[PDB]
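Scroll down for the structure; my scribbles are underneath it.
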RNA sequence: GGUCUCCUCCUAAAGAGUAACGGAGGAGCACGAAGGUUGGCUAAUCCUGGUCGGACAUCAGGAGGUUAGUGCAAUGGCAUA
RNA sequence: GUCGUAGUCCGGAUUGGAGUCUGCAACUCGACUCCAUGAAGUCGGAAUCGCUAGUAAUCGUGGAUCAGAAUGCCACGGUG
RNA sequence: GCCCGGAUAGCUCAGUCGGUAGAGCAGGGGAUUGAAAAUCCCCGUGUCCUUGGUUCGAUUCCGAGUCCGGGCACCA
């Protein structure tokens, strides 16, 4: 019913509603249906046990939901615990990719502190 | 011109004195209300609510 | 330069009668074709003047003739005269006696341009001030 | 001010010279430090005048401290009393820019015993 | 107050030596800023986005202007009359405020932060900031954002020229990249 | 067939005015304000910058000079607007 | 024991990150694992198929082919 | 030559106080048929005839043009 557990994407196209899972995307949720036969134009309901559940099979290949995030939060810390610039910036909510933290970075830093 | 929709004539009038004073107005544009001053037979101005009073 | 009696782009009026006076020019290139003798080019002439200014030798040399029309005419078919005047379709440039043709290229041009003069509307000498101290 | 422009209503009345003609003005000035004034015939006789702060008057530098309705007023007083002649002749004081506070204290400072309007 | 003092006290004299003039007046001053959001709803500017100024208001602490429009008929379905703006400028003491509340608080708000755009000087001195969204300047319950059409802001200064500038801003600005 | 009133410009010979079934257009209104006055303010357009732009949207400075705007034709006029 | 009718604790398509095992070799074009992503779909018009008892219904188990690509095919039993 | 009208989907046509336009047919994809039709389901890629103007913006409003259509060209 939830495939990868929790969240029941119902009354929407397959792939489109498949991405609902906190791990797949427009492409991934798509690449799976191919080797699953299940089309996109079919609403999860329209499916059957040998249709909706089958999806839950080739999904255990990728990582998703809770632990996926945790495994990342930790992995991040792995390189972040190190006194590297990235971490030093990651533990301050500052852009670690390459933006101008000097200004314009709301969504980055956070709310305004006038 | 004399379309019952656009500009019409405003007979206008004063408060006690039996004056006249005329002008033009409309219909669709906010109406059913009017009053200025204007000078009567003699003396002061005041009133002249004309037709269509507030 | 060209004529195609290219219309002055489009309309903006189309009337006025006529009236000529005196010429107003010198030179720009090298060889010239002075006007002299008042008249008016049929415009269609300038096309004939140019179409003939290159037969033997290639389009080589910079031919620049410099006179610009602007002068609707109009005529009437086989009708009375409601004094309106139908379309123009003629275009007769006003030419008093200026003089304009340029053959940027060293050569004999005289016998070359005169080859096209007969196409013109009237007589017109040549004269060519290769240069300039005539006028500051 | 005048820097950015002159093409402003500030000149509209200054052209009181026409019609009013004889109508004389006061001008009056701002300049943070002083105020000035002076009164001349319209334009037909700039060969007339009054007085600004005129340092010498009671002491040497016109011993006065302030600029509010206090100093501003006297700023006019001199032109006023000194030009006793012109009063009934109906002058005018020309705002120049704005008619408030400083110039007000200057203008009204005259309205008292002077410039009959 | 906050920062305006860093100026005379530890900012003027750097410029008085570097570039090197002689008047503490010719010392590059900071005129104002002026924020203003932009894109308005051609048709929908009404209830939608009137709360758009509600933000820029308190974000600065003044009264927005909301501005109007100077564009006629051609392709954009608006006829030179709608609000569709905000503006809001600060030159007063409250100008240094929003400054001591930029460099310090959230110049670095996005994950894509790295500093300030080097090459964005107006050609004679001032600099036009931009950035796209979020609040960056919290002072809201924050459970109501409607991605209120960003922020522009353009600090105006008496900077003589392009490069004459930079060194000015480059003197408190703890955020500007490298 | 078209036109028969009125308004603008050219013809209309630098005071008026003057014709043609001469060359171009407008009116048969609008406006408790689009009037009065007082106080105040000045275009269009482009250049460089600016998130939501990729021609033009509000912002910043600069070049910013009837090339704007005049309730509706054209002429004349308009910054003291 | 829980979660309490929401697109969810449903359903899993997709995609990204990185990995295993077969086999010279798996870009093209493989099976699987982990992490993250988590769509359509809230039972499906017109019309249409199978099924009369251990049947239909559903739940698993094995095998042929085969180095390694099964929701297909063949086959077994549980509940009914 | 003159006046009046038309020009919109492949055909024949309907339509708009000025902002994103349709019908019958043909066309196309499903269906049902042994197969065609007939029938059932789902489908418009229109620079709204051209060229100037008004306008922020024109298929629409203004002028002109081509083309078609109706009428007319008479006494002599």
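Protein chains in written order, with the deposited numbering: chain m, 1 to 114; chain 2, 1 to 54; chain M, 1 to 136; chain O, 1 to 117; chain F, 1 to 178.
We put the beta carbon where it would ideally sit given N, CA and C, even for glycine.
Which partner residues of residue 157 (chain F) appear in the DSSP bridge assignment? Walking along the fifth chain from the start, residue 157 (chain F) turns up at place 157. DSSP output for residue 157 (chain F) lists 30 (chain F) as bridge partner(s).
Can you tell me which of the three DSSP states residue 18 (chain 2) falls into? To locate residue 18 (chain 2), count along the second chain from 1; it is residue 18. DSSP, read as helix, strand or coil, puts residue 18 (chain 2) in coil.
Here's the rule I'm using: 16 or more other beta-carbon atoms within 10 Å means buried, otherwise exposed. How should residue 99 (chain F) be labelled? In the fifth chain, counting from the first residue as 1, residue 99 (chain F) sits at position 99. Buried, because 16 or more other Cβ atoms sit within 10 Å of the Cβ of residue 99 (chain F).
Helix, strand or coil for residue 13 (chain m), going by three-state DSSP, please let me know. Here residue 13 (chain m) corresponds to residue number 13 of the first chain, with the count starting at 1. The answer is strand: DSSP assigns residue 13 (chain m) an E or B state.
Can you give me the C-alpha to C-alpha distance between residue 108 (chain F) and residue 113 (chain m), rounded to a whole angstrom? As a working mapping, residue 108 (chain F) is identified with position 108 in the fifth chain. As a working mapping, residue 113 (chain m) is identified with position 113 in the first chain. One C-alpha to the other measures close to 12 Å.
Can you check whether the C-beta of residue 243 (chain F) is within less than 7 Å of a C-beta belonging to chain m? Since the first residue shown for chain F is 1 and the last is 178, residue 243 (chain F) is missing from the structure and cannot be characterised.
Within 10 Å of its beta-carbon, does residue 20 (chain F) have 16 or more other beta-carbons around it, so buried, or fewer, so exposed? Your numbering for residue 20 (chain F) matches position 20 in the fifth chain. With fewer than 16 other Cβ atoms within 10 Å, it is exposed.
Pairwise C-alpha distance: residue 30 (chain M) and residue 129 (chain M): Sequence index remark: in the third chain, residue 129 (chain M) carries index 129 (1-based). Sequence index remark: in the third chain, residue 30 (chain M) carries index 30 (1-based). Rounded to the nearest angstrom, the two C-alpha atoms are 7 Å apart.
With distances taken between CB atoms, is the gap from residue 65 (chain m) to residue 32 (chain m) smaller than 7 Å? Taking the first chain and counting its residues from 1, one reaches residue 65 (chain m) at position 65. Taking the first chain and counting its residues from 1, one reaches residue 32 (chain m) at position 32. Not a contact, by the Cβ cut-off of 7 Å.
Examine chain m for any beta-carbon lying closer than 7 Å to the beta-carbon of residue 111 (chain F), and answer yes or no. For the purposes of this step, residue 111 (chain F) is taken as residue 111 along the fifth chain, with counting starting at 1. Chain m contact via Cβ: present.
Assuming contact is defined by CB atoms lying nearer than 7 Å, are residue 109 (chain M) and residue 34 (chain M) in contact in what I supplied? Translated into the one-based positions of the third chain, residue 109 (chain M) becomes position 109. Translated into the one-based positions of the third chain, residue 34 (chain M) becomes position 34. No, Cβ-Cβ distance for residue 109 (chain M) and residue 34 (chain M) is not below 7 Å.
With 9 Å as the limit, tell me which residues of the segment 131-142 of chain F have their beta carbon closer than that to any beta carbon of chain m; keep them in chain order. Those residues of the segment 131-142 of chain F that come within reach of chain m (Cβ to Cβ, closer than 9 Å) are 131, 132, 133, 134, 135, 136, 137, 138, 139, 140 and 142.
Using the three-state DSSP reduction, which class does residue 48 (chain F) fall into: helix, strand or coil? If you number the fifth chain from 1, residue 48 (chain F) lands on position 48. In the structure shown, residue 48 (chain F) sits in coil (DSSP, three-state: anything other than H, G, I, E or B).
Residue 94 (chain F) lies in the alpha helix (DSSP H); which residues open and close that run? Along the fifth chain, one-based indexing puts residue 94 (chain F) at 94. Its alpha helix (DSSP H) spans residues 94-100.
Over the uninterrupted beta strand (DSSP E) stretch that includes residue 39 (chain M), give me the two end residues. Position 39 of the third chain, counted from the start, is the residue given in the question as residue 39 (chain M). For residue 39 (chain M), the enclosing beta strand (DSSP E) stretches over residues 39-41.
Pick out the complete beta strand (DSSP E) segments inside the segment 68-124 of chain M, 3 residues or longer, and give them in chain order. Fully enclosed beta strand (DSSP E) runs of 3 or longer: 93-95.
For residue 26 (chain 2) and residue 33 (chain 2), the rounded distance between their alpha carbons: Position 33 of the second chain, counted from the start, is the residue given in the question as residue 33 (chain 2). Position 26 of the second chain, counted from the start, is the residue given in the question as residue 26 (chain 2). Rounded to whole angstroms, residue 33 (chain 2) to residue 26 (chain 2) spans 11 Å at the Cα level.
In terms of DSSP beta bridges, what is residue 63 (chain M) paired with? Within the third chain, numbered from 1, the residue matching residue 63 (chain M) stands at position 63. Residue 63 (chain M) pairs with 103 (chain M).
Just to confirm the assignment: which complete alpha helix (DSSP H) runs, minimum length 4, are found wholly within the segment 66-117 of chain O? List check, alpha helix (DSSP H) in window: 69-82 and 102-111.
Measure the C-alpha to C-alpha separation of residue 46 (chain 2) and residue 100 (chain O) and round it to an integer number of angstroms. Here the question's residue 46 (chain 2) lines up with position 46 in the second chain. Here the question's residue 100 (chain O) lines up with position 100 in the fourth chain. Each residue's Cα considered, the two are about 34 Å apart.
Cβ of residue 110 (chain m) within 7 Å of any chain F Cβ: Taking the first residue of the first chain as 1, we reach residue 110 (chain m) at position 110. For residue 110 (chain m), the nearest CB of chain F lies under 7 Å from its own CB, placing it at the interface with that chain.
How about residue 102 (chain m) and residue 15 (chain F): are their beta carbons less than 7 Å apart? Taking the first residue of the first chain as position 1, residue 102 (chain m) is located at position 102. Taking the first residue of the fifth chain as position 1, residue 15 (chain F) is located at position 15. In this structure, residue 102 (chain m) sits away from residue 15 (chain F), with a CB-CB distance that is not shorter than 7 Å.
With C-beta atoms as the reference, is residue 50 (chain M) less than 7 Å away from residue 100 (chain M)? For this step, residue 50 (chain M) is matched to residue 50 along the third chain. For this step, residue 100 (chain M) is matched to residue 100 along the third chain. The Cβ atoms of residue 50 (chain M) and residue 100 (chain M) lie no closer than 7 Å to each other.
Does the separation of the CB atoms of residue 24 (chain O) and residue 39 (chain O) fall below 7 Å? Along the fourth chain, read from residue 1 onward, the residue named residue 24 (chain O) stands at position 24. Along the fourth chain, read from residue 1 onward, the residue named residue 39 (chain O) stands at position 39. Between residue 24 (chain O) and residue 39 (chain O), the gap from beta carbon to beta carbon is short of 7 Å.
Give me whichever residues DSSP pairs with residue 43 (chain m) in a beta bridge. Your numbering for residue 43 (chain m) matches position 43 in the first chain. DSSP lists 13 (chain m) as partners of residue 43 (chain m).
For a test of the three-state rule: what should DSSP assign to residue 127 (chain F), helix, strand or coil? In the fifth chain, the residue the question calls residue 127 (chain F) occupies position 127. Here residue 127 (chain F) sits in strand by DSSP.
With DSSP collapsed to three states, give me the class of residue 56 (chain 2). A question about residue 56 (chain 2) goes unanswered here, because the residues of chain 2 that appear run from 1 up to 54.
Under 7 Å between the Cβ atoms of residue 44 (chain m) and residue 52 (chain m)? Looking up residue 44 (chain m) in the first chain gives position 44. Looking up residue 52 (chain m) in the first chain gives position 52. Residue 52 (chain m) sits close to residue 44 (chain m), with the two beta carbons spaced by under 7 Å.
7 Å Cβ cut-off: residues of chain m touching residue 173 (chain F): Counted from its first residue, the fifth chain places residue 173 (chain F) at position 173. Here the neighbours are 102.
The segment 101-115 of chain O touching the segment 66-75 of chain O, judged by at least three CB pairs closer than 8 Å: Counting C-beta pairs closer than 8 Å gives three or more between the segment 101-115 of chain O and the segment 66-75 of chain O, which meets the contact rule.
Residue 10 (chain M) burial status per 10 Å Cβ neighbour count (16 or more: buried): Here the question's residue 10 (chain M) lines up with position 10 in the third chain. That one is exposed.
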